[PDB]
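Below is one structure, written out as structure tokens; comments come after it.
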Protein chains: 2
Amino acid sequence: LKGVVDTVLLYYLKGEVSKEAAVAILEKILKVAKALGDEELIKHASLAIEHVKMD
Amino acid sequence: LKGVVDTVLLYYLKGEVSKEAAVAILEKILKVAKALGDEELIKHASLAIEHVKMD
Ligand SMILES: [Zn+2]
Ligand SMILES: [Zn+2]
């Protein structure tokens with residue numbers, strides 16, 4: 001679930017996903033990664049979410 | 001200077017430049033951005049730096 005975040009980010013930066021599909025998938029993955037206990041994936045998904053949301 | 005950060009991130013996630021080179025270029029860009037007065041790109045470069053440095 002760490003390569004999925006980078007896959008979504010990479011496909012966003014090439015302009016093949018939108019700010020709507022990407023955020024939906026990344027919040028689903030952050031939900032998975034916050035109920036798993038990983039603090040190294042909570043923050044990974046959080047950084048990806050901040051990048052896709054605003055910037 | 002907003003496309004430079006995305007180019008560095010996109011070439012890092014693609015796994016074809018480096019971790020050292022990406023962080024060096026992004027610290028240069030963050031220095032320019034913090035000596036420009038635009039906090040819309042200060043945090044963009046800071047997020048890219050957090051991603052490349054740690055995750
Ligand atoms: Zn990543
Ligand atoms: Zn960006």
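Derivation of every value follows stated rules applied to the coordinates shown; laboratory data play no part. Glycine gets a Cβ as well: all are built from the backbone with ideal geometry, and neighbour counts include every protein chain shown.
Within the set A:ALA45, A:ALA35, the sole residue that is more than 15 Å from ligand 1 (Cβ to nearest atom) and aliphatic (A, V, I, L, M) turns out to be A:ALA35. When A:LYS28 is tested against (1) facing chain B (nearest Cβ under 8 Å); (2) away from ligand 1 (no atom under 12 Å from the Cβ), just one condition goes unmet, and that condition is (1). Might you let me know whether region B:32-40 holds any residue that is surrounded by 13 or more Cβ atoms within 10 Å (Cβ to Cβ), closer than 15 Å to A:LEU9 by Cβ and more than 12 Å from every other protein chain (Cβ to nearest Cβ)? No, there is no match, as no residue in region B:32-40 is surrounded by 13 or more Cβ atoms within 10 Å (Cβ to Cβ), closer than 15 Å to A:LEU9 by Cβ and more than 12 Å from every other protein chain (Cβ to nearest Cβ). Among the residues making up region A:46-55, a single one is at the interface with another protein chain (Cβ under 10 Å from one of its Cβ atoms) and more than 16 Å from B:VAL52 (Cβ to Cβ): A:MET54. Scanning region A:7-23 for residues that are surrounded by 14 or more Cβ atoms within 10 Å (Cβ to Cβ) and either farther than 14 Å from B:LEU13 by Cβ or touching a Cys at 6+ places or on another chain (Cβ under 9 Å) (or both) yields a total of 2. Of all residues in region B:1-45, which are within 10 Å of the chain's Cα centre (by Cα) and not in a helix (DSSP H, G or I)? Passing the criteria: only B:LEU1.
Does B:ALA48 satisfy the criteria of being over 22 Å from A:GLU39 (Cα atoms), assigned to a helix (DSSP H, G or I) and within 10 Å of the chain's Cα centre (by Cα)? Here the answer is no, as B:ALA48 does not meet what is asked. Do the conditions hold for A:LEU36, that is, is it more than 16 Å from ligand 2 (Cβ to nearest atom) and hydrophobic (A, V, I, L, M, F, W, C)? So A:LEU36 passes the test. Out of everything in region A:15-25 that is without any contact (Cβ under 8 Å) to a residue 12 or more places away in the chain and within 14 Å of chain B (Cβ to nearest Cβ), what residue ends up being nearest to A:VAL4 (Cα to Cα)? Checked region A:15-25; the qualifying residue nearest to A:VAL4 (Cα to Cα) is A:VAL17. Within region A:41-51, the set of residues being crowded, with 19+ Cβ neighbours inside 10 Å and touching a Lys or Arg at 6+ places or on another chain (Cβ under 9 Å) comprises A:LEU41, A:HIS44, A:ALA45.
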